[PDB]
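Engineer: Submitted below is the structure of interest, expressed as structure tokens.
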Amino acid sequence: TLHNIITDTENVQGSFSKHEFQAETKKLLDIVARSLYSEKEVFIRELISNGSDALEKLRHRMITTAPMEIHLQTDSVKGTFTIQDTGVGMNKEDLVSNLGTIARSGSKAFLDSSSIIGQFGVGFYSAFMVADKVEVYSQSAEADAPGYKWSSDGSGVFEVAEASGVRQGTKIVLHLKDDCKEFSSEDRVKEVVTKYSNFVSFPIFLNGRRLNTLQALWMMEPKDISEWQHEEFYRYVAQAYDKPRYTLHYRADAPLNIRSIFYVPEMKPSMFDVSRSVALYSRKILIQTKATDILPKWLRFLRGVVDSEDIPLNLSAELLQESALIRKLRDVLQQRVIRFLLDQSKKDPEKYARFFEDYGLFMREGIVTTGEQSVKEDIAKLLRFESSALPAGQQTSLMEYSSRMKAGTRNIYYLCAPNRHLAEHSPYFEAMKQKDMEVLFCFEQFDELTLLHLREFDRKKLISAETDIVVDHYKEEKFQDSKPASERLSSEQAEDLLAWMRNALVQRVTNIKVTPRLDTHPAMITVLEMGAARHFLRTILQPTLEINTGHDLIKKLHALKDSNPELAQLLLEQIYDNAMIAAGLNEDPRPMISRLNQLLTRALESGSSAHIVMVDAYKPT
Amino acid sequence: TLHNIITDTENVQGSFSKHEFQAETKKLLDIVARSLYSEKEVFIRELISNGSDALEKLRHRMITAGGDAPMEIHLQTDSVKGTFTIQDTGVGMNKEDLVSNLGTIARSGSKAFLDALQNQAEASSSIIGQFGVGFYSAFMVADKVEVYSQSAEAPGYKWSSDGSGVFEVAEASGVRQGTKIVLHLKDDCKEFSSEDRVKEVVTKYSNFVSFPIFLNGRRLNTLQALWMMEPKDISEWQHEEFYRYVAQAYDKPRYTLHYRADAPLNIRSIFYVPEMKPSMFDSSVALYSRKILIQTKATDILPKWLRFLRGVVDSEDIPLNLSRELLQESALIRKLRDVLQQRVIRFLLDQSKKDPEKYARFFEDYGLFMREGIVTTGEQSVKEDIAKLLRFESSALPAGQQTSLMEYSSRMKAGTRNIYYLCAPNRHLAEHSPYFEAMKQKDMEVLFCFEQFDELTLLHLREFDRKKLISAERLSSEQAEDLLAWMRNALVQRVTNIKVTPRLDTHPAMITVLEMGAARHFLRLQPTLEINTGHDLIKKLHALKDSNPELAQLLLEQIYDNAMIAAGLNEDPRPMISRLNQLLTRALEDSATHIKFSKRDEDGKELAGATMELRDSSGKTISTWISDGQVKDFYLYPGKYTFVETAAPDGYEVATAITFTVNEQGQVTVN
Ligand SMILES: Nc1ncnc2c1ncn2[C@@H]1O[C@H](COP(=O)(O)OP(=O)(O)O)[C@@H](O)[C@H]1O
Ligand SMILES: Nc1ncnc2c1ncn2[C@@H]1O[C@H](COP(=O)(O)OP(=O)(O)O)[C@@H](O)[C@H]1O
Ligand code: BEF
Ligand code: BEF
Ligand SMILES: [Mg+2]
Ligand SMILES: [Mg+2]
């Protein structure tokens with residue numbers, strides 16, 4: 001039944017020889033040049049990072065005055081990229097051991113400055129991605145040493161000679177290959193600096209002009225950032241022209257080190273873009289997330305930045321193609337954002353209402369597409385509704401509903417209608433008012449779908465009014481009519497009428513019934529799973545028609561079936577249609593307009609009238 | 001104002017030494033085992049790739065120096081000891097090859113083997129390894145690695161290391177032909193001694209590896225790489241099954257494209273379009289190379305608008321990043337994306353011919369993707385490529401029938417080069433557009449674009465076929481004028497115009513709109529109601545406005561609402577139902593009493609030309625008019641009034657004023 005081959009069979013014979021690992025240097029160089037970094041442009045990042053590190057080491061040495069800066073120069077005529085830093089520079093032994101040895105990083109021995117970027121000992125070789133020839137001039141700041149020129153074609157060997165006129169620091173000259181002339185373009189080189197190296201701690205000059213490098217706001221003390229600095233920084237990170245309506249500046253080292261700023265734009269989101277967002281950093285250097293989480297999909301409306309020292313970097317930079325503790329970070333961020341937004345609702349409900357109006361669709365999306373019930377409920381805390389127990393216009397929440405529920409109660413009742421007036425005057429609400437439960441009023445298009453997917457909240461089942469009305473037939477229909485029996489059809493009249501209606505609506509309705517639960521309305525359509533039926537139509541519903549035998553229209557229909565039978569049927573058809581529309585279960589309303597106009601004319605029938613008459617006498621002469 | 005210190009101030013002084021690049025072996029091992037891959041689980045991919053390569057070399061040897069051995073990769077987990085073991089029955093390694101290949105970073109025996117083959121040999125395209133580092137991925141997850149290997153030539157060996165710069169080699173007995181690798185897993189990596197976990201990783205990366213893969217004596221990879229087979233030797237049921245696997249889906253593909261080509265690059269690929277339409281409540285095309293997963297969500301190979309496709313793309317010669325989970329930046333990959341874009345467009349176009357019906361359903365479901373593509377791309381040539389897939393309706397065609405921009409370009413009058421469209425919520429609002437009524441009479445055909453984002457699509461399209469798209473953008477004569485003047489006051493802030501028109505027939509009124517752009521924002525407004533003065537409800541409305549003003553208010557409101565519905569401008573009439581019910585009950589049951597006034601001669605025939613006033617008991621003139629040879633209607637409320645003749649026509653005597661009373665019961669008396 002099983003096919004295995006692996007067995008404990010092997011035994012060592014005699015002694016072992018010991019060996020050291022070695023390297024195929026030529027092929028390592030090729031790997032760094034062609035196979036290590038997925039984008040050619042990052043040689044700029046790597047060289048700037050090296051210059052920044054050389055400057056940090058000098059700064060640190062300076063404590064134990066001169067300028068500390070990084071210069072870039074593009075010669076589009078000579079096809080040349082030059083970078084020069086005023087840092088510690090390198091001696092002969094340093095040029096040989098650090099530059100000449102792959103995976104050797106002098107920026108490690110440096111152990112006494114979380115400012116140091118360099119780690120791997122390969123970044124420098126990225127120059128050979130874009131250059132036939134690389135020359136290095138370095139002057140190890142120190143009374144002893146002289147200058148040096150380091151030189152290589154990138155294959156196999158390199159040569160070093162003593163040099164004069166070498167300024168303190170290091171200059172590196174890239175003779176660009178014809179493939180890569182784009183990096184002798186000033187506009188091109190500028191694009192790259194501001195992409196990866198825009199938060200570097202020393203000034204960078206490009207062809208004599210100082211680049212507008214920035215402060216890493218996310219690393220700084222939240223209380224020291226003014227609203228205006230956030231406005232500006234938002235515009236930078238979101239590449240936007242408006243300002244944030246909310247700003248969340250979150251630091252933690254709790255489960256994981258986190259330094260982050262999130263913004264909600266003041267603009268409403270584009271509906272085009274919704275169907276068609278935060279940057280990830282470490283050590284002030286950009287790190288890529290294409291095809292990665294950081295935030296869950298429903299929080300893609302947020303803009304801003306996340307930095308976490310617990311995220312390891314691969315040898316290139318990207319990495320972000322993971323699920324480890326990213327999934328954790330994402331869960332932490334989601335929780336914190338929900339808490340932030342709940343707090344904004346407390347502070348300023350009216351402002352939150354505007355937020356919810358503009359961004360609520362993201363919450364609904366999040367509830368609908370999550371499989372995790374606890375997450376659905378967390379996000380659900382952000383939803384807002386009106387209530388039958390609160391004045392019109394006043395927003396409430398599932399939490400506040402829960403806190404008004406009497407000790408006995410175990411369900412949350414809701415009603416979805418286009419607006420406050422229609423909900424308040426809904427036949428489904430009239431029926432519910434005979435009970436003493438609070439009803440949530442939900443006015444937005446996908447609120448019902450949302451609550452259907454939510455299903456329950458804090459162990460309380462969500463039930464639509466329409467559903468609850470149906471369920472009550474299968475319990476005690478112990479409800480009394482709104483009007484005394486004198487204002488209703490007698491039983492004999494009700495039965496006679498119903499039997500007529502059943503014949504007139506044979507294959508349109510499952511059954512027809514009187515209900516004591518209506519007041520203003522002549523009838524209503526009921527369906528057990530009303531919400532799901534409404535949802536299905538967005539592309540027969542064993543519907544029940546329930547009539548109010550106290551309503552003027554119903555009573556008139558009773559008469560009409562024996563006086564103008566054809567008019568009675570037209571009326572009946574219209575009452576059903578009106579109940580289907582009120583139920584939200586109506587197909588195209590256009591084909592009913594014909595009947596309605598016809599009905600309207602036949603209903604509306606002048607009379608006879610009283611005449612006052614004046615005679616004009618003729619004059620004589 | 002500039003600051004530069006870069007100057008040619010250096011000079012080469014004296015002689016120079018030549019030095020060879022070196023390599024810090026210790027640190028480099030750490031880099032592979034720590035800082036190379038996004039996930040630790042990837043050591044399983046690498047070791048299986050190596051077993052596949054070993055097997056492939058053995059298979060190649062036996063073509064020529066034939067012999068008889070089964071070709072298999074075996075994995076074993078031990079959850080008590082915390083070990084992961086992989087064994088292949090491939091070509092194995094002698095002592096020299098263990099020291100050379102395993103002991104030297106970036107040395108690849110498999111690469112050398114590849115370089116010596118005829119490019120035509122099958123092993124040329126199935127050997128995976130290139131870099132000579134994949135093996136060091138074991139130290140990511142293992143404190144100790146043991147390799148037992150027995151070459152196919154004329155002694156077994158055990159290679160052993162902790163991964164800290166040294167390794168040991170000793171002779172070993174009992175080693176089976178091939179190679180066995182035993183990982184003693186780190187404490188934080190013990191999950192790879194779990195069978196279920198290892199199974200997840202094997203199926204993720206290595207499910208299509210050419211050789212049988214066993215785990216704890218059970219076979220895993222039962223899935224053959226359909227994209228490498230001849231399109232003709234694959235059945236519809238194989239596609240359905242493969243689709244479901246590769247898309248993780250449960251429906252069938254509505255469309256299947258099996259594309260092979262050796263052109264800009266080796267391509268073996270299969271694309272599917274799902275049968276199920278997508279929505280809000282919510283995999284991609286995967287990238288492979290030599291049957292191994294590179295990216296579950298391929299990024300650079302397709303344009304974003306084709307993200308609705310599922311399936312797989314495999315290329316043997318696509319340039320891989322060292323991590324094997326990315327592609328290098330490449331002009332070849334750019335060309336590939338362009339080629340695929342064109343192939344899929346070509347395929348969908350062909351499908352619109354073979355079955356326009358089916359393609360019509362496809363365009364309804366996925367058309368938004370095409371519209372997005374046209375808006376987001378910057379190449380005019382490609383915009384017009386994707387635009388060949390668009391369907392609209394036309395002014396020159398019946399309702400509900402689709403046409404392409406090409407078919408429009410077909411029918412155009414010989415002396416013209418302009419594409420006229422009109423983006424409307426619906427057909428009614430289109431056919432009755434002022435701007436379109438222009439193009440009806442003198443000019444000719446207009447595209448009707450009802451779908452959302454149809455507008456900015458064409459705006460972004462700009463130009464198609466070297467041509468330019470441009471948006472083309474009873475009751476008497478005084479009874480009616482009276483009615484109109486009343487209507488403008490009850491609907492003061494609902495419409496910006498009220499007209500009278502002779503169409504309608506069955507319809508008492510219709511809504512028309514000038515700007516379609518507005519109407520969208522409205523259901524995203526300045527309507528124009530137009531009245532049929534021959535319609536019974538309108539003539540009823542006319543009569544009730546004075547007689548039963550409150551009833552005529554409901555009726556008016558209803559006629560307006562009914563017209564907005566008939567124009568598709570109000571899709572959810574819930575706001576009107578309570579009112580409509582009031583209208584019905586009141587219609588089936590006025591306060592003002594109808595009073596008809598006759599001015600006559602001595603024979604009792606109606607007399608024109610008399611100036612008349614009606615005044616109330618206070619003396620106030622309520623109304624002044626001239627008799628015109630027919631009866632005059634008034635509607636008065638309870639009180640006392642007087643009809644006064646203020647001028648008689650020439651040759652007639654002025655009659656005595658007539659005083660009358662209307663009471664609360666609607667009965668009238670002359671006093
Ligand atoms: N501009 C510079 N000035 C001084 N030292 C430098 C400079 N650039 C590189 N180095 C030295 O060379 C080493 C190698 O650089 P690189 O290959 O990028 O590795 P790292 O990851 O250490 O930065 C560094 O560790 C540093 O000691
Ligand atoms: N299971 C095996 N059987 C025989 N040879 C192997 C096996 N695994 C690895 N090798 C040899 O070791 C070399 C190093 O493997 P690896 O570091 O993955 O580099 P590569 O990219 O060449 O596969 C291979 O080129 C191959 O010659
Ligand atoms: F700049 Be080093 F390679 F991290
Ligand atoms: F498996 Be090798 F490093 F490509
Ligand atoms: Mg560096
Ligand atoms: Mg390998």
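The way I read the labels, and the way they are meant: chains A, B, ... in the order of the structure tokens, residue 1 as the first residue of every chain, and ligand 1 as the first ligand shown, with later ones counted on from there.
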Which residues are near ligand 6 in this structure, taking near to mean any atom at most 9 Å from a ligand atom and counting only C-alpha atoms and all ligand atoms? Format them as a PyMOL selection string.
Structural biologist: chain B and resi 45-51+53+108+110+128-135
Engineer: Using only C-alpha atoms and all ligand atoms, which protein or nucleic acid residues are at most 9 Å from ligand 3, as a count of residues only?
Structural biologist: 21
Engineer: So that I can see what lies close to residue B:201, please list as a PyMOL selection string the residues with an atom at most 10 Å from it, counting only C-alpha atoms and leaving out residues fewer than 3 positions away in the same chain.
Structural biologist: chain B and resi 41-45+192+196-198+204-207
Engineer: As a compact mmCIF listing (two decimals) with N, CA, C and O atoms, in the first residue's frame, please: the residues near stretch 229-231 of chain B (cut-off 10 Å, only C-alpha atoms, same-chain neighbours under 6 positions excluded).
Structural biologist:
```
# COMPACT_ATOMS: atom_id res chain seq x y z
N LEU B 257 -7.85 29.71 -23.88
CA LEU B 257 -6.83 30.04 -24.87
C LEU B 257 -5.52 29.34 -24.53
O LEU B 257 -4.90 29.62 -23.50
N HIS B 258 -5.10 28.42 -25.39
CA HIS B 258 -3.87 27.68 -25.18
C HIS B 258 -2.81 28.20 -26.16
O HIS B 258 -2.83 27.87 -27.36
N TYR B 259 -1.89 29.01 -25.64
CA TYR B 259 -0.94 29.74 -26.46
C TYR B 259 0.49 29.23 -26.27
O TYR B 259 1.02 29.24 -25.16
N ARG B 260 1.09 28.79 -27.38
CA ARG B 260 2.48 28.35 -27.44
C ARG B 260 3.23 29.12 -28.51
O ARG B 260 2.70 29.35 -29.57
N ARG B 268 4.78 28.79 -23.13
CA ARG B 268 3.78 27.76 -23.06
C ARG B 268 2.80 28.29 -22.04
O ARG B 268 3.20 28.57 -20.91
N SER B 269 1.55 28.47 -22.42
CA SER B 269 0.62 29.12 -21.53
C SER B 269 -0.81 28.70 -21.81
O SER B 269 -1.13 28.29 -22.92
N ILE B 270 -1.65 28.77 -20.76
CA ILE B 270 -3.10 28.56 -20.90
C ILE B 270 -3.83 29.64 -20.12
O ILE B 270 -3.54 29.85 -18.95
```
Engineer: Taking only stretch 381-548 of chain A into account, list the residues labelled strand (DSSP E) by DSSP (computed from the backbone), as a ChimeraX atom specification.
Structural biologist: /A:386-387,411-416,439-442,456-457,460-464,511-514,523-526,544-547
Engineer: Could you take the residues named above and write them with N, CA and C atoms, as a short mmCIF file (atom, residue, chain, number, x, y, z; two decimals), in the first residue's frame?
Structural biologist:
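Writing done, so here's result.cif:
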```
data_model
loop_
_atom_site.label_atom_id
_atom_site.label_comp_id
_atom_site.auth_asym_id
_atom_site.auth_seq_id
_atom_site.Cartn_x
_atom_site.Cartn_y
_atom_site.Cartn_z
N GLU A 386 -29.95 54.81 12.11
CA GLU A 386 -30.89 55.55 12.91
C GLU A 386 -31.72 54.55 13.68
N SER A 387 -32.60 55.03 14.55
CA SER A 387 -33.37 54.13 15.41
C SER A 387 -34.79 54.62 15.57
N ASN A 411 -32.59 39.44 20.34
CA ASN A 411 -32.43 39.74 18.93
C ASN A 411 -32.30 41.23 18.68
N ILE A 412 -31.61 41.55 17.58
CA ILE A 412 -31.46 42.91 17.11
C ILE A 412 -32.32 43.08 15.87
N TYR A 413 -33.33 43.95 15.94
CA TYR A 413 -34.26 44.15 14.82
C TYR A 413 -33.88 45.31 13.96
N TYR A 414 -33.96 45.10 12.65
CA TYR A 414 -33.67 46.16 11.70
C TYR A 414 -34.67 46.26 10.55
N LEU A 415 -34.70 47.44 9.95
CA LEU A 415 -35.55 47.73 8.84
C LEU A 415 -34.76 48.56 7.85
N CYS A 416 -34.68 48.10 6.60
CA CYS A 416 -33.99 48.85 5.53
C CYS A 416 -35.00 49.54 4.63
N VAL A 439 -36.13 49.27 16.74
CA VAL A 439 -35.78 48.88 15.37
C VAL A 439 -34.73 49.83 14.80
N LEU A 440 -33.61 49.26 14.35
CA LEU A 440 -32.63 50.03 13.59
C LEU A 440 -33.16 50.38 12.20
N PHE A 441 -32.86 51.60 11.76
CA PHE A 441 -33.22 52.08 10.45
C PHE A 441 -31.96 52.24 9.59
N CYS A 442 -31.89 51.53 8.48
CA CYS A 442 -30.70 51.52 7.63
C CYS A 442 -31.09 52.03 6.24
N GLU A 456 -24.96 38.11 13.05
CA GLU A 456 -25.14 38.32 14.47
C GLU A 456 -24.15 39.31 15.00
N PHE A 457 -24.45 39.83 16.17
CA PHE A 457 -23.59 40.80 16.82
C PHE A 457 -23.66 40.65 18.33
N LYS A 460 -26.11 38.25 19.58
CA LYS A 460 -27.52 38.56 19.30
C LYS A 460 -27.80 38.42 17.82
N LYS A 461 -28.83 37.65 17.48
CA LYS A 461 -29.19 37.43 16.08
C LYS A 461 -29.75 38.71 15.49
N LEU A 462 -29.30 39.05 14.28
CA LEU A 462 -29.90 40.15 13.51
C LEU A 462 -31.14 39.66 12.77
N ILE A 463 -32.28 40.33 12.95
CA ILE A 463 -33.51 39.93 12.28
C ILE A 463 -34.20 41.11 11.66
N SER A 464 -34.54 40.99 10.38
CA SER A 464 -35.25 42.07 9.70
C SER A 464 -36.71 42.07 10.19
N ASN A 511 -50.20 32.72 -1.23
CA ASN A 511 -51.50 32.88 -0.61
C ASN A 511 -51.78 34.31 -0.26
N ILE A 512 -53.05 34.54 0.06
CA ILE A 512 -53.55 35.84 0.42
C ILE A 512 -54.17 35.69 1.79
N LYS A 513 -54.02 36.70 2.63
CA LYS A 513 -54.38 36.59 4.03
C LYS A 513 -54.80 37.94 4.59
N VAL A 514 -55.68 37.95 5.58
CA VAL A 514 -55.89 39.21 6.29
C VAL A 514 -54.88 39.27 7.42
N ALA A 523 -52.37 47.00 2.36
CA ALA A 523 -51.81 45.67 2.20
C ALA A 523 -50.31 45.68 2.27
N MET A 524 -49.73 44.49 2.34
CA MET A 524 -48.28 44.34 2.28
C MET A 524 -47.92 42.98 1.72
N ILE A 525 -46.75 42.89 1.11
CA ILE A 525 -46.17 41.61 0.68
C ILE A 525 -45.20 41.11 1.74
N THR A 526 -45.33 39.84 2.14
CA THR A 526 -44.39 39.21 3.08
C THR A 526 -43.69 38.02 2.42
N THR A 544 -46.51 36.28 0.03
CA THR A 544 -47.84 36.30 0.59
C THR A 544 -48.35 37.72 0.55
N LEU A 545 -49.60 37.88 0.14
CA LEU A 545 -50.26 39.17 0.17
C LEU A 545 -51.13 39.27 1.42
N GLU A 546 -50.89 40.26 2.26
CA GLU A 546 -51.67 40.40 3.47
C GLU A 546 -52.46 41.69 3.46
N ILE A 547 -53.76 41.59 3.72
CA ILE A 547 -54.65 42.74 3.57
C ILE A 547 -55.20 43.28 4.88
#
```
Engineer: Using only C-alpha atoms, can you tell me which of A:378, A:93, A:179, A:293 comes closest to residue B:19?
Structural biologist: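 Closest residue, counting only C-alpha atoms: A:93.
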Engineer: For stretch 481-491 of chain B, please output as number ranges by chain all residues within 10 Å (counting only C-alpha atoms; exclusion window: fewer than 2 positions along the same chain).
Structural biologist: B: 475-479, 493-500, 531, 533, 538-539, 541-543, 545-546, 553, 556-557, 560
Engineer: Step one, run DSSP on the backbone; step two, keep only residues of stretch 55-189 of chain A assigned to helix (DSSP H, G or I); then write them as a ChimeraX atom specification.
Structural biologist: /A:55-61,92-99,106-109,123-129,178-184,186-189
Engineer: Would you put the residues from that selection into a file with N, CA, C and O atoms, as a compact mmCIF listing (two decimals), in the first residue's frame?
Structural biologist:
```txt
# COMPACT_ATOMS: atom_id res chain seq x y z
N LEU A 55 29.64 59.05 6.07
CA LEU A 55 29.44 60.32 6.73
C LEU A 55 29.09 60.15 8.19
O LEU A 55 29.52 60.93 9.02
N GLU A 56 28.31 59.12 8.50
CA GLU A 56 27.98 58.77 9.88
C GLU A 56 29.22 58.40 10.64
O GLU A 56 29.39 58.78 11.78
N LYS A 57 30.10 57.65 10.00
CA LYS A 57 31.31 57.19 10.67
C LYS A 57 32.22 58.38 10.95
O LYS A 57 32.91 58.39 11.97
N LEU A 58 32.21 59.37 10.06
CA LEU A 58 33.01 60.58 10.28
C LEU A 58 32.40 61.42 11.38
O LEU A 58 33.13 61.92 12.23
N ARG A 59 31.08 61.59 11.36
CA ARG A 59 30.36 62.32 12.42
C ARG A 59 30.73 61.76 13.77
O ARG A 59 31.05 62.51 14.69
N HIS A 60 30.65 60.43 13.88
CA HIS A 60 30.98 59.74 15.12
C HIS A 60 32.43 59.94 15.49
O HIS A 60 32.77 59.95 16.67
N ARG A 61 33.30 60.07 14.49
CA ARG A 61 34.72 60.29 14.71
C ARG A 61 34.99 61.72 15.09
O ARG A 61 35.95 62.02 15.77
N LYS A 92 44.55 52.17 1.70
CA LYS A 92 44.87 51.08 0.77
C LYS A 92 44.32 49.73 1.24
O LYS A 92 43.70 49.00 0.46
N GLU A 93 44.56 49.39 2.50
CA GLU A 93 44.04 48.14 3.04
C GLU A 93 42.50 48.10 2.99
O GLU A 93 41.91 47.04 2.76
N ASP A 94 41.86 49.25 3.19
CA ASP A 94 40.41 49.35 3.14
C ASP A 94 39.86 49.20 1.72
O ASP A 94 38.88 48.49 1.50
N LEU A 95 40.50 49.86 0.77
CA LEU A 95 40.07 49.74 -0.62
C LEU A 95 40.15 48.29 -1.08
O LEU A 95 39.28 47.81 -1.82
N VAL A 96 41.20 47.60 -0.63
CA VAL A 96 41.42 46.23 -1.04
C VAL A 96 40.48 45.26 -0.33
O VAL A 96 39.86 44.43 -0.98
N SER A 97 40.40 45.36 1.00
CA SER A 97 39.66 44.39 1.79
C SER A 97 38.17 44.61 1.73
O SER A 97 37.41 43.66 1.72
N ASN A 98 37.73 45.86 1.67
CA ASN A 98 36.30 46.11 1.73
C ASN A 98 35.66 46.12 0.36
O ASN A 98 34.60 45.50 0.14
N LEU A 99 36.30 46.82 -0.56
CA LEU A 99 35.79 46.88 -1.94
C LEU A 99 36.11 45.59 -2.69
O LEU A 99 35.31 45.11 -3.47
N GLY A 106 32.87 46.79 5.80
CA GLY A 106 33.52 47.52 6.86
C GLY A 106 32.50 48.09 7.83
O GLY A 106 32.81 48.25 9.03
N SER A 107 31.30 48.34 7.31
CA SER A 107 30.17 48.87 8.10
C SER A 107 29.50 47.79 8.93
O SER A 107 28.30 47.68 9.00
N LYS A 108 30.34 47.02 9.60
CA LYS A 108 29.97 45.97 10.51
C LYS A 108 30.98 46.03 11.62
O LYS A 108 30.63 46.44 12.71
N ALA A 109 32.25 45.76 11.32
CA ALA A 109 33.29 45.97 12.31
C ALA A 109 32.94 47.20 13.15
O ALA A 109 32.94 47.11 14.40
N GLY A 123 26.47 45.86 -1.83
CA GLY A 123 25.81 46.99 -2.48
C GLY A 123 26.65 47.70 -3.53
O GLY A 123 26.15 48.04 -4.60
N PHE A 124 27.94 47.89 -3.25
CA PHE A 124 28.85 48.56 -4.18
C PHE A 124 28.89 47.91 -5.58
O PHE A 124 28.96 48.61 -6.59
N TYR A 125 28.82 46.60 -5.64
CA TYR A 125 28.95 45.88 -6.90
C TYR A 125 27.75 46.16 -7.81
O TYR A 125 27.82 45.94 -9.01
N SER A 126 26.65 46.66 -7.25
CA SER A 126 25.49 47.10 -8.05
C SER A 126 25.86 48.11 -9.14
O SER A 126 25.15 48.26 -10.11
N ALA A 127 26.98 48.80 -8.97
CA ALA A 127 27.50 49.72 -9.97
C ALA A 127 27.76 49.02 -11.31
O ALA A 127 27.58 49.62 -12.38
N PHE A 128 28.15 47.75 -11.25
CA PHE A 128 28.43 46.98 -12.46
C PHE A 128 27.16 46.57 -13.20
O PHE A 128 27.25 46.10 -14.33
N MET A 129 25.99 46.75 -12.59
CA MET A 129 24.76 46.63 -13.35
C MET A 129 24.74 47.62 -14.50
O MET A 129 24.28 47.29 -15.58
N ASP A 178 26.05 51.65 -22.74
CA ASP A 178 25.12 52.28 -23.70
C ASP A 178 23.67 51.93 -23.42
O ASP A 178 22.75 52.70 -23.71
N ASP A 179 23.49 50.75 -22.84
CA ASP A 179 22.20 50.30 -22.34
C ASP A 179 21.58 51.24 -21.30
O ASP A 179 20.36 51.34 -21.21
N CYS A 180 22.43 51.94 -20.54
CA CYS A 180 22.01 52.64 -19.33
C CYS A 180 22.34 54.12 -19.37
O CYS A 180 22.80 54.67 -18.36
N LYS A 181 22.11 54.77 -20.50
CA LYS A 181 22.41 56.20 -20.63
C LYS A 181 21.43 57.07 -19.87
O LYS A 181 21.71 58.24 -19.61
N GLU A 182 20.28 56.50 -19.51
CA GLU A 182 19.27 57.20 -18.72
C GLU A 182 19.81 57.78 -17.41
O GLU A 182 19.31 58.80 -16.93
N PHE A 183 20.86 57.18 -16.85
CA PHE A 183 21.44 57.66 -15.60
C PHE A 183 22.51 58.75 -15.76
O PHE A 183 23.23 59.07 -14.82
N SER A 184 22.62 59.31 -16.95
CA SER A 184 23.37 60.53 -17.16
C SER A 184 22.38 61.69 -17.42
O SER A 184 22.78 62.80 -17.78
N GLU A 186 19.80 64.17 -15.73
CA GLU A 186 19.55 64.79 -14.45
C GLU A 186 18.15 64.52 -13.92
O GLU A 186 17.98 64.22 -12.75
N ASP A 187 17.15 64.61 -14.78
CA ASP A 187 15.76 64.39 -14.38
C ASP A 187 15.56 62.94 -13.95
O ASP A 187 14.81 62.64 -13.00
N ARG A 188 16.28 62.03 -14.62
CA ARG A 188 16.19 60.62 -14.28
C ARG A 188 16.82 60.32 -12.90
O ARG A 188 16.19 59.70 -12.06
N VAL A 189 18.05 60.75 -12.71
CA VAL A 189 18.77 60.55 -11.47
C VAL A 189 17.99 61.18 -10.32
O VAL A 189 17.93 60.63 -9.21
```
Engineer: Excluding stretch 565-569 of chain B and residues on its chain fewer than 5 positions from it, collect all residues at most 12 Å away from it, counting only C-alpha atoms, and give them as a ChimeraX atom specification.
Structural biologist: /A:588-594,597 /B:424-433,450,504,507-513,516,518-529,558-560,574,576
Engineer: Neighbours of residue B:310 within 8 Å (only C-alpha atoms; same-chain residues fewer than 2 positions away dropped), as a list in words?
Structural biologist: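 Once the nearby chain positions are removed, what remains is residues 243, 246, 247, 271, 272, 273, 274, 283, 284, 285, 286, 307, 308 and 312 of chain B.
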Engineer: Return the single residue from A:310, A:573, A:159, A:112 that is closest to chain B, with distances computed using only C-alpha atoms.
Structural biologist: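 Closest candidate: A:159.
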